Amino acid sequence: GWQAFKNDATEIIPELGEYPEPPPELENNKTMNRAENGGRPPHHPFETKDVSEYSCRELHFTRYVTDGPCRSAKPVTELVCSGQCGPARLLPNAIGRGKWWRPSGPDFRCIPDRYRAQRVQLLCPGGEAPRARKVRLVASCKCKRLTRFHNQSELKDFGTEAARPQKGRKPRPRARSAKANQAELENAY
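Quick notes on the rules
- Residues numbered from 1 in each chain as written, not as in the entry; some residues may be left out.
- Heavy atoms only, no water.
- 1 Å grid on protein atoms, 1.4 Å probe; cavity = no way out; pocket = protein on both sides within 12 Å on 5 of 7 lines; lining within 4 Å.
- Points joined across faces, edges and corners; volume = space filled by probe spheres on them.
- Nonpolar A, V, L, I, M, F, W, Y, C, P; charged D, E, K, R; others polar.
- Disulfide = S-S within 2.5 Å.
- UniProt positions renumbered as here; feature names shortened; annotations may be inferred.
- Helix = DSSP H or I, 4+ residues; strand = E, 2+ residues; numbered from the N terminus.
- Buried < 20%, exposed > 50% of the residue type's maximum accessible area, 1.4 Å probe, protein only.
- Contact = heavy atoms within 4.5 Å.

As recorded in the PDB header, solution NMR is the method behind this entry.

Next comes the structure, spelled out in C-alpha cells:
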C-alpha cells in the first residue's frame, strides 16, 4: 500500500492597514506692549558778575570762628587787601626817544589802613557757658605806588670738611771748621 497527498496553489493578496496620520503639533505666540518716559529738569538763565574799580580792591571773606568748647553763633567778616594799579607815569615834559639812565625796575604795592576790632559771641552746649572773642580785621586799604632800591641777598647753605695727616723729618745742617794760621817773626841783624 501507498499514501499520497493533494495540495493546490497559493495567492498572497493582503489588505493591510497601516496609515498613521495623527494630528499636528506646533505653537504660535504673539507680543505687544507699551511704556512711558519722563524728564523735566530745571531751566534758568545765565549770569556773571564783573568788577574792576580803581586802587586796591577790598576782598570780603566770611568764616565761622570757634574758641574752646563753644562756637560762634554767627559768621565773621574779614577784609583783605588786594588789587593792582599803574606806575602812575606823568611828567611836566614827558620825553624819551633813545637815551636813558635811571633804573627800569617798576613795582606795585598797596598800603594798609585803619583796622576794625569785631567781637564775636560764642555759644556752648547744655553744660557750659558762652564766651566772647575779639578779632582784629583790616577796616580799609589804599593802593600807593612805591619804588625800592634794595640789594644783596643770601640763600642756601651747603659746605664740607676734609682733614689729612702730615709727617716729615727735620734737616741735618752739618759743618766742621778749624782755626789754623801761620806767622813769622824771626828778625835778623
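Section: the layout of surface pockets
One number sums up the size of the largest pocket: a volume of about 880 Å³. Looking at the lining of the largest pocket residue by residue, the classes come out as 11 nonpolar, six polar and seven charged. Quantified by volume, the second largest pocket comes out at close to 180 Å³. Lining the second largest pocket, in full, are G105, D107, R109, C110, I111, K144, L146, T147, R148, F149 and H150. Its residues assigned to classes, the lining of the second largest pocket shows four nonpolar, three polar and four charged.

Details of the UniProt feature "disulfide bond" in the protein
At 2.0 Å, the distance between the sulfur atoms of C56 and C110 falls under 2.5 Å, matching the disulfide given in UniProt. Highlighted residues: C56 in the segment before β1 (58-63) and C110 in the loop between β3 (76-81) and β4 (111-112), separated in sequence by 54 residues. By relative accessible area, which is 25% here, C110 ends up partly exposed. The sulfur atoms of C70 and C124, a pair UniProt annotates as disulfide-bonded, sit 2.0 Å apart here, close enough for the bond to be present. Of the two residues, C70 sits in the loop between β1 and β2 (71-72) while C124 sits in the loop between β5 (115-123) and β6 (131-138), which places them 54 residues apart along the sequence. Across the pair, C124 and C70 agree in class, each one buried.

As for the environment of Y64
As for its placement among the helices and strands, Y64 is situated in the loop between β1 and β2. Every residue in contact with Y64, bar those within four places of it in the chain, is listed here: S72, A73, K74 and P75.

Some remarks on the UniProt feature "domain: CTCK" in the protein
In this numbering, the UniProt entry assigns the feature "domain: CTCK" to residues 58-148. Overall, residues 58-148 shows 0% helix and 38% strand. The separation of its end C-alpha atoms is 25 Å.

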